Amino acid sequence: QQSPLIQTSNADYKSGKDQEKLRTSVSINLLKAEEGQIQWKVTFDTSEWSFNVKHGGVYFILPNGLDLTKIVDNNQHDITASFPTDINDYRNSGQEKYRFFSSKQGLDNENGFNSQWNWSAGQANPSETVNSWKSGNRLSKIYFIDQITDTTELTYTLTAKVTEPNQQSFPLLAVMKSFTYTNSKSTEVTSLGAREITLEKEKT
């Protein structure tokens, strides 16, 4: 019901003996895939990221055919309603804590789906699989939380409604980045965790 976990990062020799920990900090795990509904757990190991010194952000990327109906943060707060629904809503601007981007509303510029992909999953040295999800236009929405300052494991629980009844395969991705610390190429350190969920929908 879930493919092997994918973990990639642009962390490199500059991060020394934290490179591998950084590379493997994002995890995604299926919790339920039941009645036209998928629930999963996104975990971010923040312990090597120094977010309490220089803050970071995290991203949840959802595919076509799924619609987020609930997201619960590491404090058990249902933050679903904190995210804008219109990418041009003034509360979706460039230093709000909760931002939303959607391939259907806009692709380019600062609040563009492609732009925010490039600054997140695109930067985490994504594998062919993950790049194929993007080039195949299988992904469509990005939920972003700024001002991450934790130093422990952060776990979020997402629930989404299956909106395409003839689809069984659902890519799930999450990304974390520092907004200050960079790799040897001067790009903000960024890590990705990814997994495809396969349902098999009953017949009758």
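The first residue of the sequence shown is number 1, and the count goes up from there.
Per the PDB record, of the two stretches 102-110 and 118-126, 102-110 carries the greater mean B-factor over its C-alpha atoms. Remark: stretch with higher mean C-alpha B factor among 33-41 and 134-142 is 33-41. Of the residues listed, 166, 46, 178, 157, the entry assigns the biggest Cα temperature factor to 166. Residue 162: CA B factor lies in the highest third for its chain, per the PDB record. In this PDB entry, the Cα temperature factor of residue 147 sits in the top third of its chain's modelled residues, the highest group. Sort the modelled residues of the chain by CA B factor and residue 197 lands in the middle third. In the deposited entry, the Cα temperature factor of residue 69 sits in the top third of values across the chain's modelled residues. Residue 15: CA B factor lies in the middle third for its chain, per the PDB record.
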